[PDB]
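> first piece of the complex, coordinates kept as in the full assembly:
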Amino acid sequence: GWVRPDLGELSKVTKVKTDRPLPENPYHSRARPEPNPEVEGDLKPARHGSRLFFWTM
């Protein structure tokens, strides 16, 4: 009573019902480094300008 698969069937992506748990960390990665802080705030003008030796703007 076995039926041979048609052209296209054995390459289908099928879904599998399992009882084992999903691997939560399969790469065994350690804790990632904390990122650098983002920039926040409103952008104020430069305090007394460029501060390049005598340039007052």
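The structure has been received and is ready for your questions. Numbers count the residues shown, from 1 in each chain, chains lettered A, B, ... in the order given.

> the one residue sitting closest to the centre of chain A sits in which helix or strand?
In chain A, the centroid-proximal residue (Cα atoms, centre = their mean) is residue A:32; its distance is 11.6 Å. Residue A:32 is part of no helix or strand when elements are defined by DSSP states H and E.

> which ones are touching it?
By Cβ atoms under 8 Å, 6 or more residues apart in numbering, the contact set of residue A:32 is empty. Just so you know, the C-beta spots here come from the backbone N, C-alpha and C atoms, and that holds for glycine as well.

> so what does it look like in phi/psi?
When read as degrees, to the nearest 10, the backbone of residue A:32 gives phi -70, psi 150.

> and what of residue A:55?
Taking degrees, to the nearest 10, you get phi -70, psi 110 for the backbone angles of residue A:55.

> my guess is it meets residue A:49, correct?
Yes. At 6.7 Å, residue A:55 counts as touching residue A:49 under the criterion of Cβ atoms under 8 Å.

> helices of chain A, start to end?
Using DSSP state H, no helices are assigned anywhere in chain A.

> quick one: contacts for residue A:55?
Residues near residue A:55 by Cβ under 8 Å, 6+ apart: residue A:49.

> from residue A:19, how far off is it?
Separation of residue A:55 from residue A:19 (Cβ to Cβ, to the nearest Å) stands at 73 Å.

> please apply the same query to residue A:56.
The value you get for residue A:56 to residue A:19, if Cβ to Cβ is used, is 75 Å.

> out of those two, which sits in the busier spot?
Set residue A:56 next to residue A:19 and count neighbours by other Cβ atoms under 10 Å: residue A:56 wins out with 8 against 4.

> slot chain B in:
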Amino acid sequence: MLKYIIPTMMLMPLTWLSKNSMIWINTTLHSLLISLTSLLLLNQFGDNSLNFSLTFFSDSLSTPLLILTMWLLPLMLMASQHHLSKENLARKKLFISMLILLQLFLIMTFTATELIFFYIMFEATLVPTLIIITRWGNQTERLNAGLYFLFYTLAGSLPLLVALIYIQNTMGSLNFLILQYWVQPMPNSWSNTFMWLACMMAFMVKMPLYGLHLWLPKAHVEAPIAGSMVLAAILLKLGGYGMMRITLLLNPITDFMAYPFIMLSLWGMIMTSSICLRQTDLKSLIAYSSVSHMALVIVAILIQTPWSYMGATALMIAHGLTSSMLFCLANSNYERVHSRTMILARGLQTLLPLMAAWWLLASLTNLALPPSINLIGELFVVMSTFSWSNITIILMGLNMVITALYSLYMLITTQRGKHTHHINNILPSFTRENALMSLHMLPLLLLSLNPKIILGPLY
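Okay, here's chain B dropped in alongside the others:
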């Protein structure tokens, strides 16, 4: 200080839009108006310096140098308009532009509130001076003299740039007003020894120090007359101004770093006056006299007492006027005999009596005749160096004897004796020449009446 910078820049369209017969008269007139306006800087106070802006200020040291600088431009235009009479109109306007631009650099060199602005203006004053010497100088040696003038100053001043940027990174500022209150003691180390050298050797070259003065009797001789006037009257005093600013920061290491340079200048004022005793070139005699006079200003800054600073700034102003007049007298004879040889034209009092009176008065101010400010500055430096060490009176007195000797030897050689027979193009003194001599001498004599405006920040 912007009310003096803007008219000096407006002298550029005033000299390029003038009519071709009017380019001397207009620049002379309006530079005399700027020199009249220069007297507003005498708003000085006993406690505070006249502090204009974040960029410009003027204490009682920079103010006489400013008034002398703004007074020197019309006199340079009067001195230099006869030998540049046959010049192209465009090259004549370029010469006047270089003079105006050198004044423009100097008047914001002395008023620089921050020290790297002082450095930029201070080394900016090389370029119009170099162009004047190497372009409108007369003989072959002007190119070599421009090389020596450029490459002593930059060799001295490029360590000064690293020193000032180091102070900018350490103190946080090169504002002189802030550094009057944030100055820290500079202790003994080799790092601070080379700090002292980098802060001082540029100004030692510009004074000039004895042993480093070899740019000067070629740059002052091979320049034209306006170049010789500005080099003798202002550009040597840039060095003393920079010393009096920068020795705020160099304590207490100056109290033993000064000894070799005090020896060099106390012996150089003897040796260069002795050199003046045996000069054949009159213009070189005035050059080595300038070295001999600036040696005392170096000693007075390095001993850093109040009497020494007062005498040094008085002697700087007095020597500016006196040496500018001596170069102009030398030019007044060079435009007749076409030679700088001092023994050639003799007996000139028999031919030019009032010009010989101007020779007499400039030789008397050169030998520091009281009550001239020459003698005031000379005398205060001698008081302070005597309080420094009692044995320096030997060198100061021997210098004064040799100074009187070469001053009156110059006078007797050029003016007295039998006149030279084969010279017959000795014209009478022009009104321009006598007016130039009087505009040097009469402020120098009127400053004996009220001498407190040339005695610096600590009168």
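
> any idea how far the residue nearest to the centre of chain A is from chain B?
Residue A:32 is 38 Å from chain B, where distance means Cβ to the nearest Cβ, to the nearest Å.

> swap in residue A:29?
45 Å.

> tell me which residues touch that residue, please.
Contact analysis of residue A:29 by Cβ atoms under 8 Å, 6 or more residues apart in numbering or on different chains lists nothing.

> ok, residue B:77 next?
B:24, B:27, B:28, B:31, B:96, B:99, B:226.

> which bits of chain A sit near chain B?
Contact residues, chain A versus chain B (Cβ under 8 Å from any Cβ of the partner chain): A:53, A:54, A:56.

> need the three-state assignment for the residue lying closest to the first one once chain neighbours are set aside.
The one in question is residue A:53. The shortest distance from residue A:53 to any non-neighbouring residue, by Cβ to Cβ, 6 or more residues apart in numbering or on different chains, is to residue B:116 (4.9 Å). Here residue B:116 is helix, with the state taken from DSSP: H, G, I helix; E, B strand; the rest coil.

> cross-check the contact I'm expecting between residue B:265 and residue B:299.
Yes. Applying Cβ under 8 Å, one finds residue B:265 in contact with residue B:299, separated by 4.9 Å.

> so what's the residue of chain A found nearest chain B up against?
Closest approach between chain A and chain B, counting by Cβ to the nearest Cβ: residue A:54, at 4.4 Å. By Cβ under 8 Å, 6+ apart, residue A:54 lies in contact with B:54, B:55, B:113, B:114, B:116, B:117.
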